[PDB]
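Only one chain comes next, encoded as C-alpha cells, the form deposited in one PDB entry.
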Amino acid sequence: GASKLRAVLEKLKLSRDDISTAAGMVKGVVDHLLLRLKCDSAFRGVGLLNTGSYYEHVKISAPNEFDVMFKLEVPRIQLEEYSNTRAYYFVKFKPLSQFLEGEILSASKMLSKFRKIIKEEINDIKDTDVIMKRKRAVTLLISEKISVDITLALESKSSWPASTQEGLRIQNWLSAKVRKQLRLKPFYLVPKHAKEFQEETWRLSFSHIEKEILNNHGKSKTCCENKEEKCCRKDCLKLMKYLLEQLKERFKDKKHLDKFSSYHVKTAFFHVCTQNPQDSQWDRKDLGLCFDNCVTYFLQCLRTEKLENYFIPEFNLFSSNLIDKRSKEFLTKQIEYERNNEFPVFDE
C-alpha cells in the first residue's frame, strides 16, 4: 500500500511554487554577494556551488530556510589527516597567505574575513531587505522571512584523499566508467571543527557528487524519461526526508531528534541504492515496498549504531561519540510506531 505515500508526494508538490519564488530571492542576493566578494584578493576565484536539496529537486519543505555553498579554488594544496578521523584535515601548502597560522591555513581567520566582507556587503544592498544574524557559518535574513545559511568550501582539483579510496560503491549500479569520471572531479573542504574542539580542521564535502548521482540516478541512461522507465528512487528519499522532518517537528519540545539530519537519511538512501542497483528494483508500482526497505535499512543503522559515510567508509555518522544510544532508540521507537499505524505523522 502506497496510498498515504502518494498522498504526501502530492502535498509536497504543492510547496514547489513557494520554494521556487523564495529561491529566486536567494539567487538575487547571493549573485550580488559573489560579485562583491570577487573584488577581494583572497576571495577572487569565489563562486556558487550549485549543490543542495533544491538543485537535486529534493527540497521537501521550509521555503523560508535555504543553505548556500560558496566554492573557492585553492591551487596546489597538501592535506594532513587530523587524529585518524578520515574526514577531518589540516590545509597546508605546497592569495590566502594572510590566513596562515603557521604552515596551516586557519579556518577561523578565513571565516572571519568572509564574515567581514559579507557584513560589509549586506549594508550596501538597499534593493531588498537583508539582515545578517550573528555567529554561534554566515546566516542572512531576506526581507524578513527567508533565512540563508552560507557555507565557504575550498575547492581542490587534486586526487581524492586515501579515505575515499573504497567509497562511492556505484560500480554495479551507475557503472565503474561513471565512478572513474566522478572521482576525476574536484573535492571540497568545509570548515568544521572536530572533538578533543580542534578549531583549525576542515571536513570533506562531495555535495556535487551527491547531486550528480541524484540527478542521473538509474542503471539505464533513459531512467525516468519514459512511461515504461519511471522509478521511485527520488520519491523514497523525499518520503524519508519528510518522515524525519515531521517527527523532528512533532518532538521539538523533547530535544532527542535534534542531532539527526537529512544527511543521515540521504546517506542511508545511497546505501539502499547500492544494495538495489537495478531500475526494476525501483519500479513506480513498488513504491510501498521500496519505501519500506528504506525505513527498514534506516532502522537497522539506528539499532546497530552504524551509518557509514557513502564516500568515507571508515567515518560512522551514527557513532556513539556523535549520537547517544538513547536518542537512536527514541528515533527507532517513533519510526516503528509510524510504520505500524499507517504513518499518522504524514497527514499531520
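Residue positions are given as counts along the sequence shown, with the first one as 1. We call the rigid core the largest set of C-alpha positions that still match within 1.5 Å between the two forms.
FYI, the form deposited in another entry isn't displayed, but the following is about it.
After superposition on the rigid core, the single residue among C290, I312, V58, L37 whose C-alpha moves by 2 Å or more between the shown form and the other one is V58. Relative to the superposed rigid core, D324 undergoes a CA displacement smaller than 2 Å between the shown form and the other one. Core-superposed comparison between the shown form and the other one: the Cα of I335 travels less than 2 Å. Once the rigid core is overlaid between the shown form and the other one, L9 does not reach a Cα shift of 2 Å, moving by less than that. Cα-Cα spacing of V265 to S20 is enlarged in the other form versus the present form (difference of at least 3 Å). A change of 3 Å or more separates the two forms for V58 and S262: their C-alpha atoms lie closer together in the other form.
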